[PDB]
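Engineer: turn this into a model:
(6 chains, ligands or ions: 1)
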Amino acid sequence: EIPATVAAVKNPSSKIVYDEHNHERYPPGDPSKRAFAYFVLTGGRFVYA
Amino acid sequence: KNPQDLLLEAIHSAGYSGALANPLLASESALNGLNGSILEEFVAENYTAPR
Amino acid sequence: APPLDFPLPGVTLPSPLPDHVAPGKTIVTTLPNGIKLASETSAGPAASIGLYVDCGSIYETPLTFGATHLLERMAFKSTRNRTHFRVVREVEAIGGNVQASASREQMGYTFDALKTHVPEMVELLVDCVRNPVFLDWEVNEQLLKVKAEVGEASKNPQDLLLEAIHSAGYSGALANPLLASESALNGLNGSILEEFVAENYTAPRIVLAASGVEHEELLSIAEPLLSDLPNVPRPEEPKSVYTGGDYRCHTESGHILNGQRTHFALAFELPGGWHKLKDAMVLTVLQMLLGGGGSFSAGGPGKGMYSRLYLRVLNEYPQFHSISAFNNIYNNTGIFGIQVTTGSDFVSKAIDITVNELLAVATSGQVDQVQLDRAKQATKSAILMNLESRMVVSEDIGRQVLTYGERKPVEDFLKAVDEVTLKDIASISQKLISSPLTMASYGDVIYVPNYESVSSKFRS
Amino acid sequence: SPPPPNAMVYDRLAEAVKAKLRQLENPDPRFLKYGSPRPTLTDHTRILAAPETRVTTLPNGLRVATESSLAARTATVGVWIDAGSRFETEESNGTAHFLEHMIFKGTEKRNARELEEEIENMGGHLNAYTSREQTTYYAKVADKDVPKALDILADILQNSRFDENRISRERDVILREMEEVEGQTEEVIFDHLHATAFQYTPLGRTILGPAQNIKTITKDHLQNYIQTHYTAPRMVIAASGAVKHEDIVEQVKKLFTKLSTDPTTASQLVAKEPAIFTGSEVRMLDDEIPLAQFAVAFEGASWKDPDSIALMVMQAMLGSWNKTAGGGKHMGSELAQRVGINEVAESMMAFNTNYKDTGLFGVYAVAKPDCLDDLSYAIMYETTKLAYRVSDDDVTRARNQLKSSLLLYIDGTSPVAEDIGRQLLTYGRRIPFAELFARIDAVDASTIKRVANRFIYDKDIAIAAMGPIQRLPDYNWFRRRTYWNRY
Amino acid sequence: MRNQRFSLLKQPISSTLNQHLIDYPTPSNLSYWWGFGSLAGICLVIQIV
Amino acid sequence: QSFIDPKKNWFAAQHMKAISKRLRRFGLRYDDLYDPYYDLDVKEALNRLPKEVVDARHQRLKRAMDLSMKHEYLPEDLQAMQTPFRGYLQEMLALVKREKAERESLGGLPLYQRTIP
Ligand SMILES: [Zn+2]
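Structural biologist: Residues are numbered from 1 along each chain as shown, chains lettered A, B, ... in the order given. The protein structure is shown below:
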């Protein structure tokens, strides 16, 4: 029985699973939501001014 | 800093073959295989009533 | 700009070279002060210029020990005309590469850039070798790196041994160590290096060698800058004798517990090394004939998979992990031997399995004539493939006008490998074992034999 | 009664420092005539002549390219294939590397010992290497054994046998080759970087494959790989040295007659399974290791992209510093001056990889665990500055260095032939030396900022780290510093 | 110290603010009940102004 | 220029002996007044000097901080043995400043920077 952290440095698999209890992921092959994330943060920086 | 027990140990390894060539003050690698259970059963075997 | 599968429109294209460009011949010129400029053209777009000096690690009296391992680290630094910041920025401005190396008999400084930059490449190379100031704050920061690498040299046990088959074995100059110890790094400063160079870097000991430069260009640049060095008498060459010797060092006290293993080696001697030309080419054939390797390297058809030390040692004794021959030829003496690692519980017979093989080639019938032809084909091609680089070519014009005063054509090297027969392999290897046995060891030293236990198994 | 200036040891040790400094004051103007520390841009047209590269396409689709140099005494000839690890299916993931080691062992005409002896009797060599998209088999011989060398490469690529006694003895050579490349730590960083940047794509897999795949692979699989991929439109025969073009063409027209005939090209296989970049990270913490290693990467350009030449000029601006180097504190690159002056790393290196559809651009570094904050600040500060503020001496020096390093590398018969064979597979042609120099100096300070704004500015990154890395900053620290909230 | 400068928040003029208000190490599972302490320092500034 | 040379001017040969008089009573040289905390270039010129020359500077500075705590001067036997204006620092400091003016005209980061207080 190999340690779990030892058997993960020896096998670089390209199928990674994250924790999906709080956030679901956009499926691979989608654009980034960077422009939407800027315009929500502007309409509150309007308010603090 | 004691070159008369450096030499007196070196006239002992070079010169004998078996038991009398075992060093008295040991080196760095045999201090890494030693622990409290090596000392414990070395004494339970070699410290007996006829000795 | 178009994508890279479509050609760009508006560019001039040079007209190509023919399919058979005739090769050039080496031109050598001797100046009145004794310096020798040597040039040869080529068919690439790049040049390679080097400067080679006769000095080395055998000219080291006991006041200047370690003073050529440090001259390799002080190489392209502050001069009387340029700071160390201007030297680094001038080499990077043209995209060059600069390098130095030190031997027991030769020092060498090299440069290579494109052929457009030949007048720049020459005057930086001459100024960095002819006019070094040695400033104490630059020397002290190079000493502190040599002191932190003599802290550990125990991770290369084939130059630990190869230096230990040289001190034990010689007496005078050839026993001077190349990479020095901790105490001779404490007597060294910027004035020891300064007068070691003003004494040992003279005009009859300097050769400039170019590869890819026309000979009349190299004289318009390098002559007005080297002609006024003074003509001095050369010194007398340092002498030594080949005695025998034994050496052993039980390894540093942390290397074992299923760890150090074993590293031993043997050696011999043969009086001339390069001024007796006929004998040295026999021994290079005998090196590829014996050969061998570490055998867990996985290349291909190639290096040594059908040598004597391969299919008669490692192919049936799996306890070996390395066995190979080695030659260290110099200018009059020479050294031939065999380096082995094995296990600690499999050691003393590995001296046995080693020695017979040196006894097998001393016999006149054990070697085939199908084994001799393989070692003479694998030797002529190794010389020919290695000479394709422009850097090996310039290094050949340097170290041959320091030994013969002229460059020997490569046709005379392929002519004299043809002549070797099955009896020259036997006679010179019988003149090899007539000299005392040099032995060295490292690792677990306790389980090995001693000098006279082995040396009387040969002759004397 | 003042002491004379030789009487005290400290007074006459000070007249010897003033005499060492008076020989730094009178420079010789004949040693300063050609060299200059300011970079300029120059013309290299007179020296750029070369022999002619002749390409010939056979009617089955096979291409034969040569560069002849008839005054030499050696030659290099080999086969370049457009196939690799990307074109497998995760149940055959180690196949193209296993087939490489099992191709010098077969051949009904010559067994393993006979093939090994024919090469060594001539005095030649025979190599092979695999990558994720390309395979090579080539040989270095003398000029009179070129027809024998080409006879062996055609027979081991067409008529190889794979027997079970040889297959199972190669399963223990490769399973021990895996174990030694688990301890190099530069091939381990760059292998976890590909698995996290190109996850759920075929470009993310490793070349050697999982260890369970290797003990399962049998001849069945080796033979469908060599009948699906090794076909005539995806193969290039390249020779360089003392060869003649018209004599090699007639040899390959009668030796290569029996390879397969599937009409699938490589571009139909890249387009139905493309490669997609993802911003993500992997961190492997151990704390018993003394040094830490990591790499941070942006997405880059493909092979035929016109912006590829500008991502090679930019890589020469970031530079490389090592602790043994003679440049020291005086290097051209400003990232190498930050690392070098403050001693915040052991070594630093910028990389740039190209592929058929994607690429990778970044920096790799090795350092001590208490230096990881000031090193990560300096790396991110100088990469983002390429999108804002580019000096003109920076690009002239980085253009002079890329011109010189691409040509100083082509030295001998084997660097020439791998230049021909690899460029016919990626560009479809060999680019002459005068066009390639003309595309390099068309990259000025305004071109740098425009490609930096496309690839670097406000973009996702991928990180892989290993060692005592508890003091390396986290992902939100790195992602924020891809832009400057100050200009 | 180092030999030349770096991030300006690691300078002596802003070290006491960096190591106590920006880079200060905090347990990662703190809930919203750990928020009423900075809220009480805002209520004290409102009363003074 | 022309108003500072004391062997041509008369009011510069009286400004010269006024500082020479005041330096002898503490046994100081004019270069001991250069502080490595005022100018970071003075810190570098002192690291390139031999250890025996910097050690005599640290001992002249300690002898003088002891004379001013006690409110006294050197005795006039020791005052005739003093050499102010015998320098050890000006040539090495001009070299460090000349190397810094070359690293700025050619691009290149500074080798040492001042900490911001
Ligand atoms: Zn392999």
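Engineer: looking at chain A, which residue is nearest chain C?
Structural biologist: Of all residues in chain A, residue A:10 sits closest to chain C, with a separation of 20.6 Å (C-beta to the nearest C-beta). (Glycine included, C-beta is placed from N, CA and C.)
Engineer: dump the residue contacts of residue 29.
Structural biologist: Using chain A here. residue D:276 (C-beta atoms under 8 Å, 6 or more residues apart in numbering or on different chains).
Engineer: wait, I meant chain D there
Structural biologist: With C-beta under 8 Å, 6+ apart, residue D:29 has no contacts at all.
Engineer: how close does it get to chain A?
Structural biologist: Separation of residue D:29 from chain A (C-beta to the nearest C-beta, to the nearest Å): 59 Å.
Engineer: could you do residue D:311 as well?
Structural biologist: For residue D:311, the distance to chain A - C-beta to the nearest C-beta - is 21 Å.
Engineer: check which helix or strand covers whichever residue of the stretch 51-200 of chain D sits closest to chain E.
Structural biologist: With C-beta to the nearest C-beta, the shortest gap between the stretch 51-200 of chain D and chain E falls at residue D:196, namely 22.8 Å. Residue D:196 belongs to helix D:189-197 when assigned by DSSP states H and E.
Engineer: now do the phi/psi pair for the residue nearest to residue D:411 when sequence neighbours are not counted.
Structural biologist: Counting by C-beta to C-beta, 6 or more residues apart in numbering or on different chains, residue C:389 is the residue found nearest to residue D:411 once chain neighbours are left out, at 5.3 Å. With angles defined as degrees, to the nearest 10, residue C:389 sits at phi -70, psi 140.
Engineer: separation between residue C:389 and residue A:10?
Structural biologist: From residue C:389 across to residue A:10, the span is 39 Å (C-beta to C-beta, to the nearest Å).
Engineer: repeat that for residue E:15.
Structural biologist: Distance from residue E:15 to residue A:10, by C-beta to C-beta: 43 Å.
Engineer: what is the neighbour count of the spatially closest residue to residue E:14 that is not a sequence neighbour?
Structural biologist: Nearest residue to residue E:14, sequence neighbours excluded (C-beta to C-beta, 6+ apart): residue E:8, at 7.0 Å. Other residues near residue E:8 come to 10 when the count uses other C-beta atoms under 10 Å in any protein chain shown.
Engineer: what does the one 10 residues further on give?
Structural biologist: Residues contacting residue E:18 under the criterion other C-beta under 10 Å number 15.
Engineer: now do residue D:92
Structural biologist: As a burial measure, residue D:92 scores 18 neighbours (other C-beta under 10 Å).
Engineer: how about residues contacting stretch D:451-461?
Structural biologist: A:32, A:34, D:277-279, D:296-301, D:307, D:310-311, D:314, D:361, D:383-384, D:386-387, D:478-479, D:482-483.
Engineer: end to end, how far does that stretch reach?
Structural biologist: 16 Å (C-alpha to C-alpha, to the nearest Å).
Engineer: Three-state assignment for residue D:345, please.
Structural biologist: Following DSSP: H, G, I helix; E, B strand; the rest coil, we place residue D:345 in the coil state.
Engineer: before we move on, what about residue F:103?
Structural biologist: Put simply, residue F:103 is helix when judged by three-state DSSP.
Engineer: if I read this right, it contacts residue F:110, doesn't it?
Structural biologist: Yes. Counting by C-beta atoms under 8 Å, residue F:103 touches residue F:110, with 7.3 Å between them.
Engineer: between those two, who's got more neighbours?
Structural biologist: Each of residue F:103 and residue F:110 has its neighbours counted (other C-beta under 10 Å); residue F:103 has more, 18 against 15.
Engineer: ok, the more buried one - contacts?
Structural biologist: Here residue F:103 is in contact with C:85, F:110, F:111 (C-beta under 8 Å, 6+ apart).
Engineer: not counting sequence-adjacent ones, nearest residue to the second one?
Structural biologist: The shortest distance from residue F:110 to any non-neighbouring residue, by C-beta to C-beta, 6+ apart, is to residue E:4 (6.4 Å).
Engineer: can you give me the strands for chain F?
Structural biologist: In chain F, no strands are found when defined by DSSP state E.
Engineer: okay, helices next: where are they in it?
Structural biologist: Ranges of helices within chain F are F:16-24, F:40-45, F:51-69, F:90-105, based on DSSP state H.
Engineer: repeat for chain A
Structural biologist: Ranges of helices in chain A, per DSSP H, are A:6-9, A:34-40, A:42-48.
Engineer: other residues contacting the second one?
Structural biologist: Right, helix A:34-40. Applying C-beta under 8 Å, 6+ apart, the contact partners of helix A:34-40 are residue D:458.
Engineer: so what's the gap between it and the chain middle?
Structural biologist: 16 Å (C-alpha atoms, centre = their mean, to the nearest Å).
Engineer: next: stretch D:35-42.
Structural biologist: Going by C-alpha atoms, centre = their mean, the spacing between the C-alpha centre of stretch D:35-42 and its chain's C-alpha centre is 28 Å.
Engineer: that one: end-to-end distance?
Structural biologist: 14 Å.
Engineer: close to chain C, is that stretch?
Structural biologist: Yes. Counting by C-beta under 8 Å from any C-beta of the partner chain, chain C has neighbours in stretch D:35-42: D:35, D:36, D:37, D:38, D:39, D:40, D:42.
Engineer: what's near enough to touch the fourth one?
Structural biologist: To tie it back to what came earlier, the one meant is residue D:38. By C-beta under 8 Å, 6+ apart, the contact set of residue D:38 is C:93, D:393, F:106.
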